[PDB]
Structures are given as structure tokens and as C-alpha cells.
Amino acid sequence: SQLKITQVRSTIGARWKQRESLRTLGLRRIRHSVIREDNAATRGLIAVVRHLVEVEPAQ
Amino acid sequence: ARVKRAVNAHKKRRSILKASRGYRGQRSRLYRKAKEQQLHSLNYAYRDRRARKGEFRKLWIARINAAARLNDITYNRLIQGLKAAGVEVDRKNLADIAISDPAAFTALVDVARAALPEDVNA
Amino acid sequence: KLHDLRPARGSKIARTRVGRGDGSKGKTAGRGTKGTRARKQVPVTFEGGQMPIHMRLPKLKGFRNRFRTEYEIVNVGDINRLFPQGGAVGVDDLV
Amino acid sequence: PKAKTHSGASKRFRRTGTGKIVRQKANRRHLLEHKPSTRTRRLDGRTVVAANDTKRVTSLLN
Amino acid sequence: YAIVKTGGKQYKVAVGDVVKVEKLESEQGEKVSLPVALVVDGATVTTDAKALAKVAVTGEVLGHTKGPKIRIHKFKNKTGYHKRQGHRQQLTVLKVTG
Amino acid sequence: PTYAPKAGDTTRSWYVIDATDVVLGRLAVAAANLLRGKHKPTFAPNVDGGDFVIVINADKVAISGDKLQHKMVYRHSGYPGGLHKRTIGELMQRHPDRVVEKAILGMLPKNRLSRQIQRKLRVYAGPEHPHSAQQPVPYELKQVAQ
Amino acid sequence: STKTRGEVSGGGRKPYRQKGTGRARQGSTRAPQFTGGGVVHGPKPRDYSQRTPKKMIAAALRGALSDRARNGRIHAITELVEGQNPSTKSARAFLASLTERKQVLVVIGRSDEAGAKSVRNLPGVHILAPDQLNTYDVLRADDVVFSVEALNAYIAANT
RNA sequence: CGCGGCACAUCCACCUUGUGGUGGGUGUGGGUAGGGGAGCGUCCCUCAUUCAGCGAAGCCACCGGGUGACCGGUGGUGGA
RNA sequence: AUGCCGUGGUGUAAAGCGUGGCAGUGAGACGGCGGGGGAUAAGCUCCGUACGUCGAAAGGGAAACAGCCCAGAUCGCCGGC
RNA sequence: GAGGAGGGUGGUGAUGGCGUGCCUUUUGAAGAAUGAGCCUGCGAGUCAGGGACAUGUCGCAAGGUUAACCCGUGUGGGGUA
């Protein structure tokens, strides 16, 4: 139902797919937790950027 | 209209060489050297504004650590106590009450002790 | 009067004096290299050495008739919208 | 003082009824024997110049 | 004396002491109340957070001075890049009456 | 702003460290902290607070036996060759106070205040120090907490 | 007008052979970096008036006169004279009473009676003719004092 | 992240619902070659007004100011 | 496996495409992986890599340090993580 | 106003940490690469053309516009090739 994602690492050495994935997740700066809804493509993204984000499922 | 570009230039010249007084060498004296040094001085002062934020923090940390170890507690556990107790003081004022009030600081240390869990497990 | 005269805001554009300090357009003024362009200007004809598009294509076919009887046309529908009544017109009346 | 039209490129280029410059698609002049008819109805006509040859051609036409 | 908390920083002031605090929204005269982190009576210090949300330092905004002219002149190297800009941090003076 | 370092503001106490059985690294670190004055909260890297430190019984200060015969103290004289290698073994049966003082001076910072500070450390081999004019209070070493 | 190199006197000698001196390769004592040497990109005797259109010029003029009539600052008059002998006494009287302003235009015409011969020497008062009437001068001038012959022939030529 | 102060871009509620401005939300503000935009200062001509032998420019010193180019004040020098 | 092409859905701010003005650039370096030539070599040379960084990027770590790791500086703070 | 306590600018600055000049050119310079001993004055993107292109602004409008020239003295009025 929910995920509360937060960048925890920058996107300098991050390849293109990872950086566009953090755009399309909606992550701007580091401690920047966005919330992502129903998880079919959102879990795809949250696989493509694992080292960069942290997920602790919000309510 | 031949302009005689003196005045226009002497403006910034006098600028640099009044903001360059007190330089050992050909630097308060001459203009181009005062300019080379102005560029270096202002990058130095820029870097030192940030640097001094960080450096005063490291100094305050040394002081809080000294007063802590005067109270038999280390700085690490002191901070972990003042966190778990929650007294939202910061290293600056913590160091000030460290200097002037050994009494208030020792109250703070007992606060921190009373807010340490049990052990090195958690 | 003359102390109350200004152009339209949009004209009277600031001239770009280039070699005026590295804050606006600085040293190289726009030709930012040591190349050929940095001292002079390569023409529009020269293409590197390979035949330019004006030497490898063929001259356009046919001649130009020296005696080309060029006319001037007037539009019959727009000769209507020139003369709504009309009745009498003629080349002099058109001009 | 009075701009010269580049001759050689006004004798090879043609401004049409509107802003189009039409070159002549004519590697179709010397050897037309091996060349199939296909490759000549491919090379018989007047082709609107592409973009990557326009900004210069017009300054050749002026 | 109390460690007033203002402007994202914290200050240590007893009664009647001037403080160069951030650009508080205010004028001269009308007072203003500022939270504390730790208020002390020598041996009676206050530490428990809910005991501090009650203790409110209060003082009269006055003066609304400016900081000093912080001259920035960024300049990297052969790069050939200067960027000179300055800064007067807006401030205010404060007295402490609690 | 601080209130700790000013004119005539710092206090001068004394300390006697009996280098009885202690190891050289802990001893020198302890004396160095006392000497700079970090044991003090009224601290600053510009000023010289800190206490005159005396190190007594430095004759018998513990070093690994396998180091009294291996670890060498080179000191070059500028002249070609002239590298004056010397182990801490002969250096100990000659000047143990020089060994200890060397370790301490090595743990201080590298500046001019380092000189003004190290002029405060006395070290002696026998138990008998001459600076009893003061009340040199024994400071012994104690790991703290955590 | 200033002498760019090639107009500067002399300096067609390359002093100091290229290499072996220790100096800078110079090429001419009249190089722009020298003293007395040429000017570069210097002022030459330009002759610059823009070639504006007839409609724009005339329309600007009649806009300025429209302003003057819109305030009520046009002062058409019959003759600015005492009648035949050019006298500036009465003519100053009649202008500085006819105007009350500081700057005045006076469109008299190619007749001297006391118009374009007597009201001169009056600062603020410039004299024109019904056809060399222009924009800068009607704007510079506060009042626009006509002479009925000037006004009527002006109207009649503009239609 | 906090707290203040500038700037830019998109967006709405607006004033005159495109010009130009009020409020806000969001994003943004390293930078070379280079591109755009906005600007400081020198001098000359006009219009307006204004200061000047009670002291113009120039110069020097101090005290201020602007986000930058730079600006003003004050005194000393000077003498248009 | 990847990558590539398409379509379908969700997300995302200027990202895209068309057409003009104005440029620059066309000596690249190292580093990761994949390969060539080298000798199972080079701080070598030449390629690939919606790989990175320097170029053109400062700050922290690397003793010192263009290319390594953390991180992309709008200014201020004697504040925090 | 004295020896002064609080305080404020101004010399200087014991002492600590940070820190590899400017330029040009370079993959890369503090560079043991170039150039500069210093100060003051001068030194580099201009202008001409009823030029070519694109654009901002302004006349007039299926038009716009005059060139040489003629009248006049403010650059004003004619001049339809």
C-alpha cells in the first residue's frame, strides 16, 4: 500500500537509469522522503535504486 | 571624445589598495600585487567562514570533552545522555556553562548518566 | 518637450563591446580558441578541401531567354474587388 | 559596399515560389549506361535542399 | 540564566543582556517571547523538556541593526572566473527580561 | 564567545607521574595531555594552560624487551653519512629521561607553542626529583568510562 | 579624424631585426602600441545622418504641433512688429507679454519687417520659416508664436 | 535540517484576469569555451533643473552605503 | 544476461521534436568492466560501455595529490544530523 | 577626568589552525612551461554601404520607399527614375 522512500546517498556516480529513476520517484536532495503508492512499477524503481534510497513503509 | 581613462581606473585602484593596507611586502605598496593578494585573501576569508564554523565546533567539543572527563564520563556518553534526556542545548552553550558553571555542567552530566540505557548492548 | 522623450522600451539595445574584462565577454570575445577563426574568418565557400556543395552539384539546366516577355498580372477576382461597380477600366486605370 | 552574389552557386541553386532552394539531383550527367533507369528517375529532378546545407547556401545566394 | 533558543541557534543570557539575534519579525518596543533549552538558577537547573516549554524567555526587540559587510570575491584560477558579491546580514538587538 | 583564555587567567598546578612500571606510549600520552592542558576545560590551542609535568622513575619505564634491542633512534647530523643509529637499549642504559622526553615531545603538536609547552616537562631517572619546592601532586593514569 | 597607421608619418622601417635582440618584435615605430603610432578602430570623418522617411518626419512634426495646440500654447499673430522699422524694444514687449514663458518659437517667414530681423538677440526666442519648421525646434520651444501668413501658408501647403 | 537575506523559472488566487506589479506553493542559483539578460563608471551634445571664489574639477584622508561594477557624506589640498 | 525497437500503463518540469540567430568543439586524461596491438608490460597505444570523474567542481577522506571514495558551494550564523 | 571597572572603533598583533601567486596555454601548472622589476600615461572587436541574413522597436497599409538632383540657412520641403 505505502512506501516511504528517502535518498540516503547522492547521485553523482549514479548512472543514467538510477538518476532518472530518482527523478521519477521524486527525490531531490538527500534526506528527502517521498511516499510511493501501489507497488508494481514502484517496486521496480525501488529495485533500480537500492543503494541510493531507503524504504521504511509508512502508514 | 578621447576619454583619458585615468579616473575610471584610479577608482578601483584606490579600492584595492585601501582594502590592502597591512600587507607585508610589495602588496600594500603595489597595485597588481595587491590585487593578486585580494583574490587570495577573499578566497581565504570565504574558506575560513565555513572552516571556522567547523573549527569552533571542534573546539567546543574538546572543551565539553574535558569537562566531561572531569566528571568521569566521556564525551560520547555525555552527548548520548544529553540526547536521550533531550536537553536541546548545543555544544556552544554547553561549553559556555562548562566554563563558567562547573555546577550546572555537573548537573548536566548527572542528567546524561541518568539517561544512559544499561550497557554496550541495546 | 525634449526632456520628456524616450523611445519604445524594446529598442536602443546595449552595444556589446567584447574585449572588456572577463566578466562580460572577456578575452576571446567569442572566438574562444587558437584556431583559424581566432584571428580571421573562414569564408562560406571553403568547406575543408572537399568540393563544396556549390562545386559538386551541377549547374542548373537550361539557359535564360534574353527576350523573356515579362508581364504584370492583375487578378480578375481581385479586379472585382478593385472595381465593385466597374463598367469601364483599362491598364491606366489599374496603375 | 554592394554585396556580391556568389556566381557559381546561383547558377546551381534556385529559389522557388517560396522559401525553398532546389538543388539538382544530378550525379546524372556522365555515365548513364550501367546505371539502371531506377537510379536515374532517382537522379532526375530538383531536390529541396536539406537543413544541414541551407544556412550557407542562402549566403551563397546572396 | 537561560539558554534561549532562537534563529536555529542558541544563546546563553540571564536577565538584562543584549543579544544579536536573527531578523525576528518585530519592531522596537513590542516585546517578544523566545523558547529555552536549559534554564539555570545556579544549582536548580531545568532540563525536563516539558518543564522548559513552560519557561519562556522574553525581551524587547530593538535596533534591527545589520551585520558587517561580508565581501565575497570568488576566484578560481586560470579558469578566469571572478564573482564578487557582498552581504549585510540583517539582525536585531535584544534585551532579556526573564 | 569564550571566557576561558585571557591574560593571567590560566592556572598553573604541578604533577608528578611515577613512571614506575607503566608502558612508554600511555605514559607519554598522559604527560602530553597534562602538558598541553587538555585535562583542563579552560582550553585553547593558542594559549598555554596546562601543568608542569614531572616524570620520575623513568629509568624503569616498561618497554617490550624485544624492542629494547630492535627499535632504533636515528638522528642525522647533516654531514653525509652521519646517520647516528642507536637503539633504545643503549639509549636507556645511558639516558632514559631522554627516551621519555623524546616520546613526549613527539606526541605534542608541531609548532612554537610546542616549545613553550615542553619547557614545562621535567623527567628524572631515580625516584628523587628536585622540584619539591612546589606541592607536586601525583597524577596517576585512569581509563575513564564508556 | 585620427591617423591610423599607414597615415602616420614614417614608420615603414622594421627596427630591431626579428631575433637576436632580446626586445619585442615590433615591425614599425608606428604600431598602435607605440607612442605617436596609429589609432586603431579610431574616429574617422564619418558623416552620419539617418535617412528617415517623409511620413515619419512630417507626422512627428504635426504631433509636436498637436501637443502645442492641445495645451493652448500656440500664439498665432498678424505681424510681430511696430510696422516697418525693426525694433526689439516693442518686439520683446509683445513676445514676453504674448508668451510669458521662457523659450519661444517665432515662425515669421521670408519677410524682415520686424520678424526675422528684430526679435533676434532675445534668448529663448528662435526664428523659423513656415517650411523649415521642424520637430526639435517646436519641442525645444515652449510657445509657438506664428505669423498669420506663416500659419495660413503652412496649413495650405500641408493641406 | 534550522533560521535569516538576495536571484531565477513554471504556476495560480489577484490589481487593469497577456503588458508590469501584491500573496503564496514548488523547483532551482559550481562552472570553462560559449549563449542570453540586466547593469556600474569615464567623457562629449541637447532639454530640465541645480551647486560653485562662501570654493568647481583633480587629489588625499576618515566615516559611512550598495548584492557587484561602484556610491554618498565629512574634513584637508586646490583655485574654476 | 544485457542493451536495442515498438506498444500499453503509471511517474517526472523544459526533458522531446520542428524552425531560425549566436556560438564553441573537433590535442582529451585517468578510473571500473569488455576487448585489440604490447610481452600475460607501461602513468602505453587504439576501441566499446544512458559507466564515472577531471576537463569545467569547490568542500571532507586519501600523509601530500586534476581523474580514487563521500559530496555538487546563492550569501550569513560562535546552531543541529 | 585621574589608577581605573563595563564599552566601543583604530595601529599592531604573541599564539593556534587553514592555505601549491596572476596570466597564456594545457589531459594536467604553485609549477623547475610562457610572460611580467615597479608605478603613471597610451595599447586591441571600429566604421563606411538606399550592403546579405535573423531579430527588437516605429512609421503606412497592398503597399512601403525614394536615389542623384531642385528650392531652404536649423535637415526642412519637392524629386515616382
# chains A, B, ... in the order shown; residues from 1 in each chain; ligands from 1
call {"tool": "interface_residues", "arguments": {"of": "chain B", "to": "chain J", "cutoff": "12 Å", "atoms": "only C-alpha atoms (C1' of nucleotides)", "output": "VMD selection string"}}
result
chain B and resid 2 to 7 9 to 10 13 21 to 22 26 to 27 29 to 41 43 to 52 54 to 56 58 to 59
call {"tool": "write_last_selection", "arguments": {"atoms": "C-alpha atoms", "output": "compact mmCIF listing (two decimals), in the first residue's frame"}}
result
# COMPACT_ATOMS: atom_id res chain seq x y z
CA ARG B 2 39.21 60.92 -26.16
CA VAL B 3 38.43 59.92 -22.64
CA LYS B 4 41.67 59.90 -20.56
CA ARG B 5 40.95 56.67 -18.72
CA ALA B 6 42.74 57.71 -15.53
CA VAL B 7 39.84 58.47 -13.16
CA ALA B 9 40.85 53.20 -13.25
CA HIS B 10 42.09 55.04 -10.19
CA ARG B 13 42.95 51.05 -7.80
CA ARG B 21 46.69 48.03 3.89
CA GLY B 22 48.62 45.99 6.38
CA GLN B 26 55.03 44.57 -2.22
CA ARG B 27 51.39 44.07 -1.51
CA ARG B 29 52.50 49.05 -1.92
CA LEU B 30 51.86 48.00 -5.48
CA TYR B 31 48.56 47.53 -7.21
CA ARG B 32 48.78 44.34 -9.23
CA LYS B 33 50.31 42.55 -6.27
CA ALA B 34 47.61 43.94 -4.00
CA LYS B 35 45.09 42.53 -6.45
CA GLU B 36 46.70 39.09 -6.55
CA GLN B 37 46.55 39.15 -2.79
CA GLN B 38 42.97 40.42 -2.71
CA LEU B 39 41.83 37.44 -4.69
CA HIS B 40 43.74 35.17 -2.35
CA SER B 41 42.57 37.00 0.77
CA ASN B 43 39.10 33.11 -1.05
CA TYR B 44 40.86 32.62 2.28
CA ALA B 45 38.17 34.52 4.18
CA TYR B 46 35.45 32.67 2.32
CA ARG B 47 37.01 29.32 3.16
CA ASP B 48 37.58 30.46 6.74
CA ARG B 49 33.94 31.39 7.37
CA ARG B 50 32.90 27.78 6.77
CA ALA B 51 36.13 26.47 8.25
CA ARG B 52 35.51 28.45 11.39
CA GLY B 54 33.53 23.63 11.82
CA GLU B 55 36.57 24.60 13.87
CA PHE B 56 34.64 26.27 16.66
CA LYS B 58 35.69 21.05 17.20
CA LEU B 59 36.95 23.38 19.92
call {"tool": "interface_residues", "arguments": {"of": "chain F", "to": "chain B", "cutoff": "10 Å", "atoms": "only C-alpha atoms", "output": "list in words"}}
result
residues 1, 2, 3, 4, 37, 38, 39, 40, 41, 42, 43, 44, 45, 142, 143, 144, 145 and 146 of chain F
call {"tool": "write_last_selection", "arguments": {"atoms": "C-alpha atoms", "output": "short mmCIF file (atom, residue, chain, number, x, y, z; two decimals), in the first residue's frame"}}
result
data_model
loop_
_atom_site.label_atom_id
_atom_site.label_comp_id
_atom_site.auth_asym_id
_atom_site.auth_seq_id
_atom_site.Cartn_x
_atom_site.Cartn_y
_atom_site.Cartn_z
CA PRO F 1 32.35 33.87 22.68
CA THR F 2 34.71 32.14 25.10
CA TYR F 3 35.59 33.28 28.57
CA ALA F 4 38.36 30.75 29.24
CA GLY F 37 46.42 21.23 29.07
CA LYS F 38 43.56 19.23 27.61
CA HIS F 39 42.86 17.71 31.02
CA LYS F 40 41.55 21.28 31.56
CA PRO F 41 38.27 22.56 30.12
CA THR F 42 39.53 26.15 30.06
CA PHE F 43 41.41 25.12 26.95
CA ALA F 44 42.55 26.80 23.75
CA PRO F 45 45.17 25.90 21.12
CA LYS F 142 42.98 6.10 34.73
CA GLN F 143 40.93 4.95 31.77
CA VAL F 144 37.61 6.56 32.26
CA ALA F 145 34.26 5.12 31.22
CA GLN F 146 32.03 4.06 28.33
#
call {"tool": "residues_around", "arguments": {"residues": "residue 39 (chain E)", "least_positions_apart": "5", "cutoff": "10 Å", "atoms": "only C-alpha atoms (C1' of nucleotides)", "output": "VMD selection string"}}
result
(chain B and resid 104) or (chain E and resid 1 to 4 12 to 14 44 to 47 51 to 52 55 to 57)
call {"tool": "interface_residues", "arguments": {"of": "chain H", "to": "chain A", "cutoff": "12 Å", "atoms": "only C-alpha atoms (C1' of nucleotides)", "output": "ChimeraX atom specification"}}
result
/H:1,26-28
call {"tool": "residues_around", "arguments": {"residues": "residue 60 (chain J)", "least_positions_apart": "2", "cutoff": "10 Å", "atoms": "only C-alpha atoms (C1' of nucleotides)", "output": "list in words"}}
result
residues 55 and 56 of chain G; 63 and 64 of chain J
call {"tool": "select_by_dssp", "arguments": {"residues": "region 83-118 of chain G", "states": "strand (DSSP E)", "output": "PyMOL selection string"}}
result
chain G and resi 104-107
call {"tool": "residues_around", "arguments": {"residues": "residue 84 (chain B)", "least_positions_apart": "2", "cutoff": "10 Å", "atoms": "only C-alpha atoms (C1' of nucleotides)", "output": "list in words"}}
result
residues 78, 79, 80, 81, 82, 86, 87, 111, 112, 114, 115, 116 and 117 of chain B
call {"tool": "write_last_selection", "arguments": {"atoms": "N, CA, C and O atoms", "output": "short mmCIF file (atom, residue, chain, number, x, y, z; two decimals), in the first residue's frame"}}
result
data_model
loop_
_atom_site.label_atom_id
_atom_site.label_comp_id
_atom_site.auth_asym_id
_atom_site.auth_seq_id
_atom_site.Cartn_x
_atom_site.Cartn_y
_atom_site.Cartn_z
N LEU B 78 28.30 11.46 27.22
CA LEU B 78 27.68 12.73 27.59
C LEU B 78 26.69 13.17 26.53
O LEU B 78 25.57 13.57 26.85
N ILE B 79 27.08 13.11 25.26
CA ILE B 79 26.16 13.51 24.21
C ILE B 79 25.00 12.54 24.12
O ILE B 79 23.86 12.95 23.90
N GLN B 80 25.25 11.25 24.30
CA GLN B 80 24.15 10.30 24.20
C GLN B 80 23.15 10.48 25.33
O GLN B 80 21.96 10.22 25.15
N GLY B 81 23.60 10.95 26.48
CA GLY B 81 22.71 11.26 27.58
C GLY B 81 21.95 12.55 27.37
O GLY B 81 20.73 12.59 27.51
N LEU B 82 22.67 13.62 27.04
CA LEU B 82 22.00 14.87 26.73
C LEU B 82 21.09 14.76 25.53
O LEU B 82 20.25 15.63 25.31
N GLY B 86 17.32 14.77 26.30
CA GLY B 86 16.68 15.66 25.36
C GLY B 86 16.92 17.13 25.56
O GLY B 86 16.25 17.94 24.90
N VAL B 87 17.85 17.52 26.42
CA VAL B 87 18.05 18.94 26.68
C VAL B 87 18.65 19.58 25.45
O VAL B 87 19.86 19.51 25.22
N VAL B 111 22.46 14.32 34.59
CA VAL B 111 21.35 14.14 33.65
C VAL B 111 21.70 13.07 32.62
O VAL B 111 20.91 12.16 32.33
N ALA B 112 22.89 13.17 32.04
CA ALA B 112 23.28 12.24 30.99
C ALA B 112 23.46 10.84 31.54
O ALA B 112 23.03 9.87 30.91
N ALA B 114 21.96 9.51 34.19
CA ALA B 114 20.60 9.04 34.37
C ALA B 114 19.88 8.74 33.05
O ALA B 114 18.83 8.10 33.08
N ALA B 115 20.40 9.20 31.92
CA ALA B 115 19.82 8.85 30.63
C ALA B 115 20.78 8.05 29.77
O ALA B 115 20.94 8.31 28.58
N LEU B 116 21.46 7.06 30.35
CA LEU B 116 22.17 6.04 29.58
C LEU B 116 21.53 4.69 29.84
O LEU B 116 21.15 4.40 30.98
N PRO B 117 21.36 3.85 28.82
CA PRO B 117 20.48 2.68 28.99
C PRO B 117 20.94 1.64 30.00
O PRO B 117 20.42 1.59 31.12
#
call {"tool": "interface_residues", "arguments": {"of": "chain G", "to": "chain C", "cutoff": "9 Å", "atoms": "only C-alpha atoms", "output": "JSON, numbers by chain"}}
result
{"G": [64, 136, 138, 139, 140, 141, 142]}
call {"tool": "residues_around", "arguments": {"residues": "residue 7 (chain A)", "least_positions_apart": "4", "cutoff": "9 Å", "atoms": "only C-alpha atoms (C1' of nucleotides)", "output": "PyMOL selection string"}}
result
chain A and resi 22+27-34+51-54
call {"tool": "write_last_selection", "arguments": {"atoms": "N, CA, C and O atoms", "output": "short mmCIF file (atom, residue, chain, number, x, y, z; two decimals), in the first residue's frame"}}
result
data_model
loop_
_atom_site.label_atom_id
_atom_site.label_comp_id
_atom_site.auth_asym_id
_atom_site.auth_seq_id
_atom_site.Cartn_x
_atom_site.Cartn_y
_atom_site.Cartn_z
N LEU A 22 15.46 8.37 -9.84
CA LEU A 22 15.22 9.21 -8.68
C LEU A 22 14.43 10.47 -9.04
O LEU A 22 13.72 11.01 -8.19
N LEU A 27 12.78 12.34 -5.93
CA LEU A 27 13.73 12.57 -4.85
C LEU A 27 14.74 13.64 -5.27
O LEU A 27 15.46 13.47 -6.25
N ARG A 28 14.77 14.74 -4.52
CA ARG A 28 15.54 15.93 -4.89
C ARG A 28 16.89 15.98 -4.18
O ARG A 28 17.94 16.01 -4.82
N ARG A 29 16.86 15.99 -2.87
CA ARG A 29 18.04 16.11 -2.03
C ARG A 29 18.14 14.84 -1.21
O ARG A 29 17.45 13.86 -1.47
N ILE A 30 19.02 14.84 -0.21
CA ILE A 30 19.36 13.61 0.48
C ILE A 30 18.27 13.18 1.46
O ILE A 30 17.55 12.22 1.20
N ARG A 31 18.07 13.91 2.54
CA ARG A 31 17.12 13.37 3.50
C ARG A 31 15.69 13.63 3.05
O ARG A 31 14.88 14.12 3.84
N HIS A 32 15.36 13.28 1.82
CA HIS A 32 14.15 13.76 1.16
C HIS A 32 13.18 12.61 0.95
O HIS A 32 13.09 12.04 -0.13
N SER A 33 12.41 12.30 1.99
CA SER A 33 11.49 11.17 1.93
C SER A 33 10.25 11.55 1.14
O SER A 33 9.48 12.42 1.57
N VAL A 34 10.04 10.87 0.02
CA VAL A 34 8.77 10.92 -0.68
C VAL A 34 7.99 9.66 -0.32
O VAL A 34 8.53 8.73 0.27
N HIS A 51 20.90 1.17 -3.57
CA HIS A 51 21.97 1.80 -2.82
C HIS A 51 21.66 3.26 -2.52
O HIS A 51 22.18 3.81 -1.55
N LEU A 52 20.84 3.91 -3.34
CA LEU A 52 20.59 5.33 -3.15
C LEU A 52 19.45 5.61 -2.19
O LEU A 52 19.49 6.62 -1.49
N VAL A 53 18.43 4.76 -2.12
CA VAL A 53 17.25 5.04 -1.33
C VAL A 53 17.18 4.11 -0.14
O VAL A 53 17.87 3.09 -0.07
N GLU A 54 16.33 4.47 0.81
CA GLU A 54 15.94 3.63 1.94
C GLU A 54 14.42 3.60 2.00
O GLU A 54 13.77 4.63 1.82
#
call {"tool": "select_by_dssp", "arguments": {"residues": "chain C", "states": "alpha helix (DSSP H)", "output": "list in words"}}
result
residues 76, 77, 78, 79, 80, 91, 92, 93 and 94 of chain C
call {"tool": "write_last_selection", "arguments": {"atoms": "N, CA and C atoms", "output": "mmCIF file, in the first residue's frame"}}
result
data_model
loop_
_atom_site.group_PDB
_atom_site.id
_atom_site.type_symbol
_atom_site.label_atom_id
_atom_site.label_comp_id
_atom_site.auth_asym_id
_atom_site.auth_seq_id
_atom_site.Cartn_x
_atom_site.Cartn_y
_atom_site.Cartn_z
ATOM 1 N N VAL C 76 -8.456 38.785 -61.804
ATOM 2 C CA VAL C 76 -9.821 39.016 -62.244
ATOM 3 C C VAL C 76 -10.764 39.033 -61.047
ATOM 4 N N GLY C 77 -10.554 38.142 -60.078
ATOM 5 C CA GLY C 77 -11.327 38.223 -58.850
ATOM 6 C C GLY C 77 -10.938 39.432 -58.025
ATOM 7 N N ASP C 78 -9.651 39.745 -57.989
ATOM 8 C CA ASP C 78 -9.254 40.971 -57.326
ATOM 9 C C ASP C 78 -9.420 42.193 -58.213
ATOM 10 N N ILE C 79 -9.734 42.022 -59.498
ATOM 11 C CA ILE C 79 -10.179 43.179 -60.265
ATOM 12 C C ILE C 79 -11.651 43.431 -59.984
ATOM 13 N N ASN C 80 -12.394 42.388 -59.603
ATOM 14 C CA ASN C 80 -13.693 42.603 -58.979
ATOM 15 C C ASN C 80 -13.530 43.378 -57.681
ATOM 16 N N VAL C 91 -5.681 49.488 -68.520
ATOM 17 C CA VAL C 91 -4.385 49.391 -67.832
ATOM 18 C C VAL C 91 -4.046 50.663 -67.060
ATOM 19 N N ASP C 92 -4.271 51.821 -67.673
ATOM 20 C CA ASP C 92 -4.020 53.068 -66.975
ATOM 21 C C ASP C 92 -4.865 53.155 -65.723
ATOM 22 N N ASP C 93 -6.105 52.668 -65.784
ATOM 23 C CA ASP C 93 -6.959 52.708 -64.602
ATOM 24 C C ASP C 93 -6.459 51.761 -63.528
ATOM 25 N N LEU C 94 -5.819 50.664 -63.919
ATOM 26 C CA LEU C 94 -5.233 49.774 -62.927
ATOM 27 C C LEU C 94 -4.072 50.449 -62.218
#
call {"tool": "interface_residues", "arguments": {"of": "chain F", "to": "chain J", "cutoff": "10 Å", "atoms": "only C-alpha atoms (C1' of nucleotides)", "output": "ChimeraX atom specification"}}
result
/F:44-48,111-113
call {"tool": "closest_atom_pairs", "arguments": {"of": "chain C", "to": "chain J", "cutoff": "7 Å", "atoms": "only C-alpha atoms (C1' of nucleotides)", "output": "JSON lines"}}
result
{"residue": "C:8", "atom": "CA", "partner": "J:57", "partner_atom": "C1'", "distance": 6.2}
{"residue": "C:10", "atom": "CA", "partner": "J:57", "partner_atom": "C1'", "distance": 5.2}
{"residue": "C:11", "atom": "CA", "partner": "J:57", "partner_atom": "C1'", "distance": 4.4}
{"residue": "C:18", "atom": "CA", "partner": "J:45", "partner_atom": "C1'", "distance": 6.5}
call {"tool": "interface_residues", "arguments": {"of": "chain D", "to": "chain J", "cutoff": "6 Å", "atoms": "only C-alpha atoms (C1' of nucleotides)", "output": "PyMOL selection string"}}
result
chain D and resi 1-3+62
call {"tool": "write_last_selection", "arguments": {"atoms": "N, CA and C atoms", "output": "PDB file, in the first residue's frame"}}
result
ATOM      1  N   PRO D   1      30.471  47.175 -49.874  1.00  0.00           N
ATOM      2  CA  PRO D   1      29.871  48.388 -50.414  1.00  0.00           C
ATOM      3  C   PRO D   1      28.612  48.058 -51.182  1.00  0.00           C
ATOM      4  N   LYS D   2      28.624  46.881 -51.798  1.00  0.00           N
ATOM      5  CA  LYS D   2      27.477  46.354 -52.522  1.00  0.00           C
ATOM      6  C   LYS D   2      27.735  44.862 -52.643  1.00  0.00           C
ATOM      7  N   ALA D   3      26.934  44.052 -51.960  1.00  0.00           N
ATOM      8  CA  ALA D   3      27.290  42.654 -51.767  1.00  0.00           C
ATOM      9  C   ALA D   3      27.247  41.875 -53.070  1.00  0.00           C
ATOM     10  N   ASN D  62      23.353  35.080 -51.867  1.00  0.00           N
ATOM     11  CA  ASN D  62      23.299  36.497 -51.564  1.00  0.00           C
ATOM     12  C   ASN D  62      24.678  37.130 -51.670  1.00  0.00           C
TER      13      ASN D  62
END
call {"tool": "closest_atom_pairs", "arguments": {"of": "chain I", "to": "chain A", "cutoff": "7 Å", "atoms": "only C-alpha atoms (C1' of nucleotides)", "output": "tab-separated table"}}
result
residue	atom	partner	partner_atom	distance
I:11	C1'	A:24	CA	5.4
I:12	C1'	A:24	CA	4.6
I:50	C1'	A:16	CA	5.2
I:51	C1'	A:15	CA	6.5
I:52	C1'	A:13	CA	5.4
call {"tool": "residues_around", "arguments": {"residues": "region 46-58 of chain D", "least_positions_apart": "6", "cutoff": "9 Å", "atoms": "only C-alpha atoms (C1' of nucleotides)", "output": "list in words"}}
result
residues 44, 45, 53 and 54 of chain C; 9, 13, 20, 21, 22, 23, 24, 25 and 26 of chain D; 52 and 53 of chain J
call {"tool": "atom_distance", "arguments": {"atom1": "CA of residue 73 (chain F)", "atom2": "CA of residue 86 (chain F)"}}
result
5.1 Å
